[PDB]
Amino acid sequence: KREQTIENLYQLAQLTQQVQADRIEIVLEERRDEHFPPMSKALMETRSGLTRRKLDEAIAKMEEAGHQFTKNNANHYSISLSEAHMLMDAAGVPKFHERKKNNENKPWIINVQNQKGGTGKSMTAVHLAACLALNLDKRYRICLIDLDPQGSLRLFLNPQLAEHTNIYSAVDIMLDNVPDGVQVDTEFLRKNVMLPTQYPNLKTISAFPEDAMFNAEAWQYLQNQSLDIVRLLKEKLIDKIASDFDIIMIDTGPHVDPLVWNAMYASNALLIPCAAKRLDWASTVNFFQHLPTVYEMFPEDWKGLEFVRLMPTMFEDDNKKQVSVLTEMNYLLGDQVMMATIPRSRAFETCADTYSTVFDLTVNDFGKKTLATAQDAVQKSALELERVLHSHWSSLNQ
Amino acid sequence: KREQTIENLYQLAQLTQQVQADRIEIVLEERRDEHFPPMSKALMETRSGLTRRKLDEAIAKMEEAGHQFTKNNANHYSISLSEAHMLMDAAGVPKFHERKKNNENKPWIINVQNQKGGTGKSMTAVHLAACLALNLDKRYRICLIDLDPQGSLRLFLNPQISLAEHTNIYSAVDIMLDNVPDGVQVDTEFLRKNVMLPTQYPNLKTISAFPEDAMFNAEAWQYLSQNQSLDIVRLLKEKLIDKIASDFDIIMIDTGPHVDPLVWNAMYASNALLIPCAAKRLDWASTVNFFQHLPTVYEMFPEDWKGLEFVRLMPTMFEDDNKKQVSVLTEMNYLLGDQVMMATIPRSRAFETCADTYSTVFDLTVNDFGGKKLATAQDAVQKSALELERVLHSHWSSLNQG
Ligand SMILES: Nc1ncnc2c1ncn2[C@@H]1O[C@H](COP(=O)(O)OP(=O)(O)O)[C@@H](O)[C@H]1O
Ligand SMILES: Nc1ncnc2c1ncn2[C@@H]1O[C@H](COP(=O)(O)OP(=O)(O)O)[C@@H](O)[C@H]1O
Ligand SMILES: [Mg+2]
Ligand SMILES: [Mg+2]
């Protein structure tokens with residue numbers, strides 16, 4: 001009877017093989033067509049350590065080259081992000097990475113990981129990446145790798161004609177899922193992987209559900225006792241891209257797989273976001289218990305993890321239970337927990353509903369101050385993270 | 001170098017070993033907080049298949065006894081769910097297993113599975129379970145096993161209704177890994193009192209899931225590497241399903257978006273396969289890749305495996321007026337017809353309200369909006385459930401022998 005069933009499933013596979021997924025078509029149907037909110041002169045001045053005189057001089061220098069800015073009959077300006085990066089390049093700012101002693105720097109590889117789903121992990125990741133990409137004084141080179149096959153990071157930072165076609169994911173690069181005749185060159189990685197977003201300096205390596213096969217073709221393969229699978233992501237992707245980025249951030253998902261193991265091995269920093277709820281905190285501490293027993297099995301040439309941080313998410317701040325849970329986090333493993341939380345606001349629910357960040361939204365989408373406070377909270381969290389990255393940076397170069 | 005990091009991690013885990021997870025406290029904080037919407041003679045007839053005369057005679061018999069019914073603002077009676085279950089055995093119609101026409105049935109082990117998340121398989125599972133439980137005439141003994149560590153099937157107003165006098169509450173993964181007190185043995189009574197919990201549907205029991213269960217995969221990752229045995233797929237069927245089949249007509253396993261050794265357990269234990277897939281394009285393509293991968297996995301299973309008996313693709317979130325989605329649905333029906341189910345599930349706002357309120361379309365009323373939309377949604381769910389029931393009654397005697 002087993003024969004009949006296996007025959008029937010093989011028949012289903014043969015009947016349905018004819019349909020394949022066109023990734024370009026999927027990305028095209030998921031086009032952004034929303035136009036990132038343009039910045040006024042003051043918003044430009046706050047996102048970029050620039051005085052009004054320097055900004056006016058930059059506008060003059062760029063206008064002398066023919067480029068025409070967008071202002072209204074009362075000289076209110078609507079500066080796009082591209083114009084904002086050009087104003088920095090046209091202002092003489094050394095643009096962090098091009099200046100001294102930081103010119104020779106080992107890039108940060110941050111792994112956002114937790115065993116519980118429904119804690120703002122995937123959302124904290126995109127918000128952190130965007131908010132760091134909005135520091136126009138430094139203009140960090142940021143890469144966001146969606147390592148969750150069920151991830152939607154390709155929808156929040158939508159990648160981009162029909163002559164730079166066929167986009168491969170991280171897993172695809174791990175399995176050499178490429179034309180048999182192509183090289184693993186960095187220009188290839190720059191061209192049809194690591195696609196640009198509505199932010200000029202922030203690239204995303206998108207994920208697709210078909211990536212899940214990696215685990216299936218590795219769970220059965222684990223009969224071979226390899227325990228070298230963890231080297232795949234770092235040896236096949238990161239080392240080929242680390243020359244181009246200052247910060248790489250990896251969004252994994254709520255599980256423990258060979259893929260999440262790759263994310264752990266390639267990482268040199270670990271970020272653990274967890275909601276201030278009792279169930280989420282208990283699952284996170286079970287994750288804590290589990291983490292070292294697996295990290296030991298990693299090969300000796302690991303030497304990873306410069307620092308580890310717990311990021312409280314969805315903090316209600318009026319709920320006695322949630323504040324008590326946060327105080328427990330602070331008492332048990334303090335200073336390893338972050339001092340900047342991310343609140344529960346209707347703003348982030350709107351973000352999830354519209355597949356965008358609070359920085360892609362406008363004040364007229366719902367709630368006036370309720371968006372300003374959300375953006376300021378995300379900025380405080382990103383600033384604390386930046387302070388931690390700068391503190392532990394020289395220790396990362398060796 | 002990394003020695004200091006691993007010592008730091010061990011100190012992180014030691015600093016926090018004190019905080020445990022009280023799975024009784026969290027199910028009590030998740031109490032139902034409301035009752036099932038009572039039925040008013042009409043729903044009773046439609047669900048029970050009873051004539052108005054027989055129903056009235058039975059309720060008048062029950063009223064002359066110590067029991068008294070209850071009406072609403074209008075004198076029409078407003079009977080609850082358990083009151084209707086009592087009406088059933090107090091009307092003459094036996095339970096499904098009580099009917100001597102089939103008393104040695106191998107129960108259905110239906111496995112809902114697809115390596116694409118967000119295609120609405122969990123909602124399909126909970127609604128199928130609730131609707132089949134609402135067949136008051138036959139009163140199937142149904143068990144909904146949440147095998148998704150991130151599953152919330154206990155939440156969907158399927159509350160593990162249990163008085164505060166019950167010691168613990170274990171998941172299916174806990175029973176598989178023998179994660180119970182040391183002295184006790186896993187008998188049908190232990191599973192009955194600590195594993196399968198009441199749901200507010202008298203004929204439906206639920207096995208809960210918790211995020212900690214995720215670590216099962218680790219318990220296999222080192223098993224599969226240092227040992228090429230593949231005997232972990234037997235854990236679900238042998239440690240739980242076999243010791244539990246004596247109490248259920250139907251068992252539905254909700255799995256999760258992955259293909260894992262836990263999903264392997266769900267596949268090995270199943271005798272029926274449901275593949276819900278949304279009418280979206282990339283959903284259909286990922287389900288097709290899943291199809292391509294499936295037989296190469298099932299072929300690795302041990303030689304003691306009595307097949308699958310049937311497979312059904314369940315379209316979900318169908319938008320009815322979307323040209324791309326209707327094209328995809330017609331492609332699904334054309335390529336593997338007779339194996340794709342006819343009744344689909346719309347993209348109704350009623351299911352959005354369900355996901356917002358953690359309920360089923362049979363639990364909430366018209367006031368939660370709409371109105372006609374909920375009626376059409378629950379009618380569609382009932383139609384799909386009747387189709388699956390007709391399929392089950394067909395292929396049943398095929399596996400009653402094996
Ligand atoms: N800061 C926040 N405030 C309010 N709601 C949030 C916040 N972050 C996340 N959410 C909600 O919780 C859900 C968690 O999303 P996600 O981060 O993808 O979870 P996970 O990372 O566990 O998959 C989202 O759908 C969103 O609606
Ligand atoms: N018919 C429907 N109409 C509207 N929304 C739906 C419908 N069916 C499912 N959904 C939405 O899709 C989501 C699917 O959730 P879930 O079933 O847990 O994912 P998975 O299918 O991966 O298990 C739900 O949150 C629900 O809000
Ligand atoms: Mg996520
Ligand atoms: Mg699910």
# chains A, B, ... in the order shown; residues from 1 in each chain; ligands from 1
call {"tool": "select_by_dssp", "arguments": {"residues": "range 114-348 of chain B", "states": "helix (DSSP H, G or I)", "output": "JSON, numbers by chain"}}
result
{"B": [121, 122, 123, 124, 125, 126, 127, 128, 129, 130, 131, 132, 133, 172, 173, 174, 175, 176, 188, 189, 190, 191, 192, 193, 194, 211, 212, 213, 214, 215, 216, 217, 218, 219, 220, 221, 222, 223, 224, 225, 226, 231, 232, 233, 234, 235, 236, 237, 238, 239, 240, 241, 242, 243, 244, 245, 246, 247, 261, 262, 263, 264, 265, 266, 267, 268, 269, 281, 282, 283, 284, 285, 286, 287, 288, 289, 290, 291, 292, 293, 294, 295, 296, 297, 298, 323, 324, 325, 326, 327, 328, 329, 330, 331, 332, 333, 334, 335]}
call {"tool": "write_last_selection", "arguments": {"atoms": "C-alpha atoms", "output": "tab-separated table (two decimals), in the first residue's frame"}}
result
chain	number	residue	atom	x	y	z
B	121	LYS	CA	-3.47	26.60	7.29
B	122	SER	CA	-3.91	27.09	11.05
B	123	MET	CA	-7.20	28.95	10.62
B	124	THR	CA	-8.38	26.25	8.22
B	125	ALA	CA	-7.45	23.65	10.84
B	126	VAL	CA	-9.23	25.30	13.77
B	127	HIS	CA	-12.34	26.05	11.70
B	128	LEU	CA	-12.50	22.49	10.32
B	129	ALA	CA	-12.16	21.15	13.87
B	130	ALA	CA	-14.87	23.41	15.29
B	131	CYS	CA	-17.29	22.74	12.42
B	132	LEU	CA	-16.84	18.96	12.53
B	133	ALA	CA	-17.33	19.17	16.30
B	172	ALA	CA	2.77	16.77	22.47
B	173	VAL	CA	6.52	17.44	22.27
B	174	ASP	CA	6.78	16.95	26.04
B	175	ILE	CA	5.08	13.55	25.76
B	176	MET	CA	7.32	12.57	22.84
B	188	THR	CA	-4.49	7.09	28.78
B	189	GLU	CA	-5.53	8.74	32.05
B	190	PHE	CA	-2.34	10.82	32.27
B	191	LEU	CA	-2.83	12.05	28.70
B	192	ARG	CA	-6.53	12.59	29.46
B	193	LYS	CA	-5.79	14.76	32.51
B	194	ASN	CA	-2.61	16.60	31.44
B	211	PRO	CA	7.52	27.91	22.03
B	212	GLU	CA	9.80	25.85	24.30
B	213	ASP	CA	8.76	22.77	22.28
B	214	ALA	CA	10.97	24.24	19.53
B	215	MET	CA	14.03	22.74	21.22
B	216	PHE	CA	12.80	19.32	20.04
B	217	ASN	CA	14.60	20.07	16.78
B	218	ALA	CA	17.85	20.43	18.71
B	219	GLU	CA	17.10	17.08	20.38
B	220	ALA	CA	17.03	15.70	16.82
B	221	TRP	CA	19.86	17.77	15.32
B	222	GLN	CA	22.42	16.01	17.52
B	223	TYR	CA	20.52	12.73	17.17
B	224	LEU	CA	20.51	12.77	13.36
B	225	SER	CA	24.19	13.75	13.14
B	226	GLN	CA	25.78	11.33	15.62
B	231	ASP	CA	13.74	6.51	14.02
B	232	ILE	CA	12.78	9.89	15.50
B	233	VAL	CA	9.80	10.03	13.13
B	234	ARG	CA	8.19	7.32	15.29
B	235	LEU	CA	8.00	9.51	18.41
B	236	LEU	CA	4.67	11.21	17.70
B	237	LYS	CA	2.79	8.05	16.70
B	238	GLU	CA	4.30	5.72	19.31
B	239	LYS	CA	4.61	7.98	22.38
B	240	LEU	CA	1.30	9.82	21.91
B	241	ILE	CA	-0.95	8.90	18.98
B	242	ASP	CA	-1.14	5.17	19.69
B	243	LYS	CA	-1.79	5.70	23.41
B	244	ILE	CA	-4.45	8.28	22.50
B	245	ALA	CA	-6.35	6.79	19.53
B	246	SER	CA	-8.75	4.93	21.84
B	247	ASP	CA	-10.57	8.22	22.59
B	261	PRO	CA	11.96	16.20	12.27
B	262	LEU	CA	8.84	17.26	14.18
B	263	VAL	CA	7.09	17.74	10.85
B	264	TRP	CA	8.56	14.34	9.95
B	265	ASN	CA	6.83	12.90	13.03
B	266	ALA	CA	3.56	14.50	11.95
B	267	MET	CA	3.96	13.03	8.46
B	268	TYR	CA	4.85	9.54	9.69
B	269	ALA	CA	1.93	9.47	12.14
B	281	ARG	CA	0.67	32.96	-7.11
B	282	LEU	CA	3.88	32.58	-5.10
B	283	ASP	CA	1.95	30.55	-2.51
B	284	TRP	CA	0.99	28.12	-5.27
B	285	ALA	CA	4.57	28.00	-6.58
B	286	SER	CA	6.04	27.28	-3.14
B	287	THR	CA	3.42	24.58	-2.61
B	288	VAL	CA	4.51	23.11	-5.95
B	289	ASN	CA	8.14	23.02	-4.78
B	290	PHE	CA	6.84	21.33	-1.61
B	291	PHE	CA	5.13	18.76	-3.85
B	292	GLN	CA	8.41	18.13	-5.68
B	293	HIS	CA	10.21	17.56	-2.39
B	294	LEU	CA	7.58	15.44	-0.60
B	295	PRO	CA	8.06	11.95	-2.15
B	296	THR	CA	11.84	12.03	-1.68
B	297	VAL	CA	11.07	12.37	2.04
B	298	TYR	CA	8.25	9.84	2.34
B	323	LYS	CA	-8.29	37.78	-12.12
B	324	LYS	CA	-4.85	36.53	-11.08
B	325	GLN	CA	-6.23	34.56	-8.13
B	326	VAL	CA	-9.06	32.98	-10.13
B	327	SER	CA	-6.54	32.05	-12.82
B	328	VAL	CA	-4.36	30.42	-10.16
B	329	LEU	CA	-7.32	28.54	-8.67
B	330	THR	CA	-8.34	27.23	-12.09
B	331	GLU	CA	-4.75	26.13	-12.69
B	332	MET	CA	-4.80	24.26	-9.38
B	333	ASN	CA	-8.06	22.54	-10.33
B	334	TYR	CA	-6.87	21.70	-13.85
B	335	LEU	CA	-3.43	20.26	-13.06
call {"tool": "residues_around", "arguments": {"residues": "range 200-209 of chain B", "least_positions_apart": "6", "cutoff": "7 Å", "atoms": "only C-alpha atoms", "output": "MDAnalysis selection string"}}
result
chainID B and resid 82 133 139:149 151 153:154 158 171:172
call {"tool": "write_last_selection", "arguments": {"atoms": "C-alpha atoms", "output": "compact mmCIF listing (two decimals), in the first residue's frame"}}
result
# COMPACT_ATOMS: atom_id res chain seq x y z
CA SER B 82 -23.67 21.31 26.34
CA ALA B 133 -17.33 19.17 16.30
CA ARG B 139 -20.84 14.04 17.77
CA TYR B 140 -17.39 13.06 16.52
CA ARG B 141 -14.62 12.68 19.09
CA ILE B 142 -12.03 15.08 17.66
CA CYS B 143 -8.53 15.96 18.87
CA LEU B 144 -6.72 19.06 17.59
CA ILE B 145 -2.95 18.64 18.05
CA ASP B 146 -1.08 21.93 17.79
CA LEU B 147 2.34 20.67 16.67
CA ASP B 148 3.57 24.20 15.91
CA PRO B 149 5.85 25.59 18.66
CA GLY B 151 1.07 27.81 17.38
CA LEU B 153 -4.53 26.97 18.84
CA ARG B 154 -5.06 26.96 22.61
CA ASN B 158 -10.20 26.77 22.43
CA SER B 171 2.46 19.51 25.07
CA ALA B 172 2.77 16.77 22.47
call {"tool": "residues_around", "arguments": {"residues": "range 76-92 of chain A", "least_positions_apart": "3", "cutoff": "6 Å", "atoms": "only C-alpha atoms", "output": "mmCIF file with C-alpha atoms, in the first residue's frame"}}
result
data_model
loop_
_atom_site.group_PDB
_atom_site.id
_atom_site.type_symbol
_atom_site.label_atom_id
_atom_site.label_comp_id
_atom_site.auth_asym_id
_atom_site.auth_seq_id
_atom_site.Cartn_x
_atom_site.Cartn_y
_atom_site.Cartn_z
ATOM 1 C CA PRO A 38 10.669 64.071 1.217
ATOM 2 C CA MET A 39 12.518 66.045 3.868
ATOM 3 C CA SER A 40 12.241 69.758 4.546
ATOM 4 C CA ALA A 58 25.406 72.669 -0.784
ATOM 5 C CA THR A 70 11.934 70.863 -5.641
ATOM 6 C CA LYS A 71 10.599 73.855 -3.720
ATOM 7 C CA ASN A 72 7.274 75.665 -3.758
#
call {"tool": "closest_residue", "arguments": {"among": "B:137, B:73, B:117, B:53", "to": "ligand 3", "atoms": "only C-alpha atoms and all ligand atoms"}}
result
B:117
call {"tool": "residues_around", "arguments": {"residues": "residue 270 in chain A", "least_positions_apart": "6", "cutoff": "9 Å", "atoms": "only C-alpha atoms", "output": "ChimeraX atom specification"}}
result
/A:109-113,264,305-310
call {"tool": "write_last_selection", "arguments": {"atoms": "C-alpha atoms", "output": "PDB file, in the first residue's frame"}}
result
ATOM      1  CA  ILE A 109      27.869  41.193  11.622  1.00  0.00           C
ATOM      2  CA  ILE A 110      24.848  41.406  13.934  1.00  0.00           C
ATOM      3  CA  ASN A 111      22.529  38.400  14.293  1.00  0.00           C
ATOM      4  CA  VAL A 112      19.019  39.178  15.556  1.00  0.00           C
ATOM      5  CA  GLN A 113      17.879  35.824  16.949  1.00  0.00           C
ATOM      6  CA  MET A 264      25.171  32.233  14.496  1.00  0.00           C
ATOM      7  CA  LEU A 305      30.540  37.318  19.540  1.00  0.00           C
ATOM      8  CA  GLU A 306      32.127  40.617  20.579  1.00  0.00           C
ATOM      9  CA  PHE A 307      29.015  41.473  22.637  1.00  0.00           C
ATOM     10  CA  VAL A 308      25.442  40.325  23.260  1.00  0.00           C
ATOM     11  CA  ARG A 309      22.388  42.480  24.016  1.00  0.00           C
ATOM     12  CA  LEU A 310      18.761  41.878  25.012  1.00  0.00           C
TER      13      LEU A 310
END
call {"tool": "residues_near_ligand", "arguments": {"ligand": "ligand 1", "cutoff": "7 Å", "atoms": "only C-alpha atoms and all ligand atoms", "output": "PyMOL selection string"}}
result
chain A and resi 116-124+253-254+313-314+342-346+348-349+352
call {"tool": "write_last_selection", "arguments": {"atoms": "C-alpha atoms", "output": "PDB file, in the first residue's frame"}}
result
ATOM      1  CA  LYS A 116       9.882  32.958  20.089  1.00  0.00           C
ATOM      2  CA  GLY A 117       7.802  34.297  17.242  1.00  0.00           C
ATOM      3  CA  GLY A 118       5.585  37.315  17.700  1.00  0.00           C
ATOM      4  CA  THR A 119       8.263  39.283  19.522  1.00  0.00           C
ATOM      5  CA  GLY A 120       9.114  42.320  17.404  1.00  0.00           C
ATOM      6  CA  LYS A 121      12.315  40.766  16.022  1.00  0.00           C
ATOM      7  CA  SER A 122      11.696  41.137  12.290  1.00  0.00           C
ATOM      8  CA  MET A 123      10.285  44.622  12.887  1.00  0.00           C
ATOM      9  CA  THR A 124      13.043  45.843  15.215  1.00  0.00           C
ATOM     10  CA  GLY A 253      13.346  33.546  12.633  1.00  0.00           C
ATOM     11  CA  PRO A 254      11.804  31.604  15.552  1.00  0.00           C
ATOM     12  CA  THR A 313      10.217  45.161  22.430  1.00  0.00           C
ATOM     13  CA  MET A 314       6.514  46.076  22.397  1.00  0.00           C
ATOM     14  CA  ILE A 342      10.361  50.095  21.674  1.00  0.00           C
ATOM     15  CA  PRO A 343       6.762  50.916  22.631  1.00  0.00           C
ATOM     16  CA  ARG A 344       3.442  49.388  21.718  1.00  0.00           C
ATOM     17  CA  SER A 345       1.875  52.007  19.450  1.00  0.00           C
ATOM     18  CA  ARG A 346      -0.785  51.948  16.759  1.00  0.00           C
ATOM     19  CA  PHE A 348       3.815  49.980  14.334  1.00  0.00           C
ATOM     20  CA  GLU A 349       0.514  48.182  13.756  1.00  0.00           C
ATOM     21  CA  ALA A 352       2.766  46.054   9.690  1.00  0.00           C
TER      22      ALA A 352
END
call {"tool": "interface_residues", "arguments": {"of": "chain A", "to": "chain B", "cutoff": "7 Å", "atoms": "only C-alpha atoms", "output": "short mmCIF file (atom, residue, chain, number, x, y, z; two decimals) with N, CA, C and O atoms, in the first residue's frame"}}
result
data_model
loop_
_atom_site.label_atom_id
_atom_site.label_comp_id
_atom_site.auth_asym_id
_atom_site.auth_seq_id
_atom_site.Cartn_x
_atom_site.Cartn_y
_atom_site.Cartn_z
N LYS A 1 0.82 -1.20 0.00
CA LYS A 1 0.00 0.00 0.00
C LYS A 1 0.86 1.26 0.00
O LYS A 1 0.47 2.29 -0.56
N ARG A 2 2.03 1.16 0.65
CA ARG A 2 3.02 2.23 0.63
C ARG A 2 3.41 2.61 -0.80
O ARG A 2 3.54 3.79 -1.14
N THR A 5 0.91 4.93 -2.45
CA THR A 5 0.98 6.30 -1.96
C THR A 5 2.19 7.04 -2.54
O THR A 5 2.07 8.19 -2.99
N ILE A 6 3.36 6.40 -2.53
CA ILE A 6 4.55 7.04 -3.08
C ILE A 6 4.39 7.29 -4.57
O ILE A 6 4.83 8.32 -5.09
N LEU A 9 2.17 10.41 -4.96
CA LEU A 9 2.87 11.67 -4.72
C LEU A 9 3.86 11.99 -5.83
O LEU A 9 4.00 13.16 -6.22
N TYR A 10 4.58 10.99 -6.34
CA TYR A 10 5.42 11.22 -7.51
C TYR A 10 4.60 11.71 -8.69
O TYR A 10 5.05 12.57 -9.46
N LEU A 12 1.80 13.50 -8.49
CA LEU A 12 1.49 14.91 -8.20
C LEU A 12 2.67 15.81 -8.55
O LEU A 12 2.50 16.87 -9.19
N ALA A 13 3.88 15.40 -8.15
CA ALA A 13 5.07 16.17 -8.48
C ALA A 13 5.23 16.31 -9.99
O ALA A 13 5.54 17.39 -10.50
N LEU A 15 2.91 16.03 -12.38
CA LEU A 15 1.84 16.85 -12.94
C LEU A 15 2.08 18.33 -12.70
O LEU A 15 1.73 19.16 -13.55
N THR A 16 2.67 18.70 -11.56
CA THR A 16 2.74 20.10 -11.19
C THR A 16 4.11 20.72 -11.43
O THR A 16 4.27 21.93 -11.23
N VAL A 19 4.89 24.35 -13.40
CA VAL A 19 4.82 25.72 -12.88
C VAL A 19 6.03 25.99 -12.00
O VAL A 19 6.32 25.23 -11.07
N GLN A 20 6.73 27.08 -12.30
CA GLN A 20 7.86 27.57 -11.52
C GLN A 20 7.58 29.01 -11.12
O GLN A 20 6.70 29.67 -11.67
N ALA A 21 8.33 29.48 -10.13
CA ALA A 21 8.19 30.84 -9.63
C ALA A 21 9.16 31.78 -10.33
O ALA A 21 10.37 31.54 -10.34
N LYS A 116 11.30 32.63 20.00
CA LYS A 116 9.88 32.96 20.09
C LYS A 116 9.46 33.87 18.95
O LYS A 116 10.07 34.91 18.71
N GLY A 117 8.40 33.45 18.24
CA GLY A 117 7.80 34.30 17.24
C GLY A 117 6.74 35.19 17.85
O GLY A 117 6.14 34.87 18.88
N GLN A 150 10.29 32.50 5.45
CA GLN A 150 8.96 33.08 5.53
C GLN A 150 9.02 34.58 5.81
O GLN A 150 8.04 35.16 6.28
N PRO A 209 10.10 31.81 0.25
CA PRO A 209 9.74 30.57 0.96
C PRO A 209 10.43 29.32 0.44
O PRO A 209 10.69 28.39 1.21
N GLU A 210 10.77 29.29 -0.86
CA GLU A 210 11.47 28.14 -1.43
C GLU A 210 12.80 27.87 -0.74
O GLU A 210 13.33 26.76 -0.84
N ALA A 212 13.23 27.31 2.25
CA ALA A 212 13.04 26.32 3.32
C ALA A 212 13.64 24.96 2.97
O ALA A 212 14.04 24.21 3.87
N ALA A 216 15.44 20.92 4.71
CA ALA A 216 15.03 19.58 4.32
C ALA A 216 16.18 18.84 3.65
O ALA A 216 16.43 17.66 3.95
N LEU A 222 22.08 15.25 7.28
CA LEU A 222 22.78 15.18 8.55
C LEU A 222 23.07 13.75 8.99
O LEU A 222 23.71 13.57 10.04
N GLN A 223 22.65 12.75 8.22
CA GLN A 223 23.12 11.39 8.44
C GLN A 223 24.61 11.23 8.14
O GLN A 223 25.19 10.20 8.50
N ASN A 224 25.23 12.21 7.49
CA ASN A 224 26.63 12.13 7.11
C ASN A 224 27.57 12.66 8.19
O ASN A 224 28.80 12.57 8.01
N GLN A 225 27.04 13.21 9.28
CA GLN A 225 27.84 13.72 10.40
C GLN A 225 28.87 14.75 9.94
O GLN A 225 30.06 14.65 10.23
N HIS A 255 13.27 29.68 15.29
CA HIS A 255 13.57 28.25 15.23
C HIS A 255 15.07 28.04 15.39
O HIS A 255 15.86 29.00 15.42
N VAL A 256 15.46 26.77 15.50
CA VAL A 256 16.86 26.36 15.55
C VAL A 256 17.09 25.38 14.41
O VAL A 256 16.66 24.22 14.47
N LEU A 279 5.41 35.15 28.92
CA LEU A 279 5.63 33.97 28.08
C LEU A 279 6.84 34.18 27.17
O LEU A 279 7.67 33.27 27.00
N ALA A 282 10.02 33.98 29.26
CA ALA A 282 10.34 32.60 29.63
C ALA A 282 10.91 31.83 28.44
O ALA A 282 11.87 31.06 28.59
N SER A 283 10.34 32.02 27.25
CA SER A 283 10.88 31.35 26.08
C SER A 283 12.27 31.87 25.75
O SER A 283 13.15 31.11 25.33
N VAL A 285 14.49 33.00 27.93
CA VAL A 285 15.49 32.46 28.85
C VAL A 285 15.74 30.98 28.58
O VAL A 285 16.86 30.49 28.76
N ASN A 286 14.73 30.24 28.11
CA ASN A 286 15.00 28.88 27.65
C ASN A 286 15.98 28.89 26.47
O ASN A 286 16.91 28.08 26.40
N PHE A 288 18.23 31.16 26.08
CA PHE A 288 19.50 31.42 26.75
C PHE A 288 20.15 30.13 27.22
O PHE A 288 21.34 29.89 26.98
N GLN A 289 19.38 29.30 27.93
CA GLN A 289 19.88 28.01 28.39
C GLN A 289 20.43 27.19 27.23
O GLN A 289 21.47 26.53 27.36
N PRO A 292 24.58 28.08 24.65
CA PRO A 292 25.99 27.64 24.73
C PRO A 292 26.21 26.20 24.31
O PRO A 292 27.24 25.90 23.69
N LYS A 303 35.71 32.17 17.15
CA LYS A 303 36.19 33.42 17.74
C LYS A 303 35.20 34.55 17.52
O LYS A 303 35.57 35.69 17.20
N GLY A 304 33.92 34.24 17.69
CA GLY A 304 32.84 35.16 17.42
C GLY A 304 32.29 35.80 18.69
O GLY A 304 32.75 35.57 19.80
N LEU A 305 31.28 36.66 18.47
CA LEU A 305 30.54 37.32 19.54
C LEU A 305 31.39 38.32 20.32
O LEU A 305 31.98 37.98 21.34
N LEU A 332 18.20 40.63 36.50
CA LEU A 332 18.89 39.35 36.33
C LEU A 332 20.15 39.49 35.48
O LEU A 332 21.22 39.00 35.85
N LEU A 333 20.05 40.15 34.33
CA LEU A 333 21.16 40.27 33.39
C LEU A 333 21.36 41.72 32.96
O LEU A 333 21.65 42.00 31.79
#
call {"tool": "closest_residue", "arguments": {"among": "A:353, A:30, A:25, A:146", "to": "ligand 2", "atoms": "only C-alpha atoms and all ligand atoms"}}
result
A:353
call {"tool": "closest_residue", "arguments": {"among": "A:376, A:317, A:176, A:29", "to": "residue 160 in chain A", "atoms": "only C-alpha atoms"}}
result
A:29
call {"tool": "residues_around", "arguments": {"residues": "residue 347 in chain A", "least_positions_apart": "2", "cutoff": "10 Å", "atoms": "only C-alpha atoms", "output": "number ranges by chain"}}
result
A: 343-345, 349-353, 357-358, 361, 365-367, 370-375
call {"tool": "write_last_selection", "arguments": {"atoms": "C-alpha atoms", "output": "compact mmCIF listing (two decimals), in the first residue's frame"}}
result
# COMPACT_ATOMS: atom_id res chain seq x y z
CA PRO A 343 6.76 50.92 22.63
CA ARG A 344 3.44 49.39 21.72
CA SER A 345 1.87 52.01 19.45
CA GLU A 349 0.51 48.18 13.76
CA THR A 350 -0.01 50.58 10.85
CA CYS A 351 3.54 49.78 9.71
CA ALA A 352 2.77 46.05 9.69
CA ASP A 353 -0.52 46.67 7.87
CA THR A 357 8.52 51.48 8.35
CA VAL A 358 7.66 54.51 10.44
CA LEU A 361 5.04 56.82 6.61
CA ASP A 365 -1.80 58.43 7.60
CA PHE A 366 -3.82 58.33 10.84
CA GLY A 367 -2.73 60.23 15.44
CA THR A 370 1.81 59.12 18.05
CA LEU A 371 4.10 58.82 15.01
CA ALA A 372 6.69 61.36 16.21
CA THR A 373 7.07 59.50 19.52
CA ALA A 374 7.46 56.19 17.67
CA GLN A 375 10.17 57.58 15.40
call {"tool": "select_by_dssp", "arguments": {"residues": "range 33-248 of chain A", "states": "strand (DSSP E or B)", "output": "count of residues only"}}
result
22
call {"tool": "atom_distance", "arguments": {"atom1": "CA of residue 188 in chain A", "atom2": "CA of residue 28 in chain A"}}
result
20.7 Å
call {"tool": "residues_around", "arguments": {"residues": "residue 157 in chain B", "least_positions_apart": "3", "cutoff": "12 Å", "atoms": "only C-alpha atoms", "output": "PyMOL selection string"}}
result
chain B and resi 27+30-36+126-127+130+152-154+160-161+198-201+206+354-364
call {"tool": "residues_around", "arguments": {"residues": "range 129-139 of chain A", "least_positions_apart": "4", "cutoff": "9 Å", "atoms": "only C-alpha atoms", "output": "PyMOL selection string"}}
result
chain A and resi 44+47-50+84-85+88+93-97+124-125+143-144+157+199-202+247+249+357+359+375+378-379+382-383+386
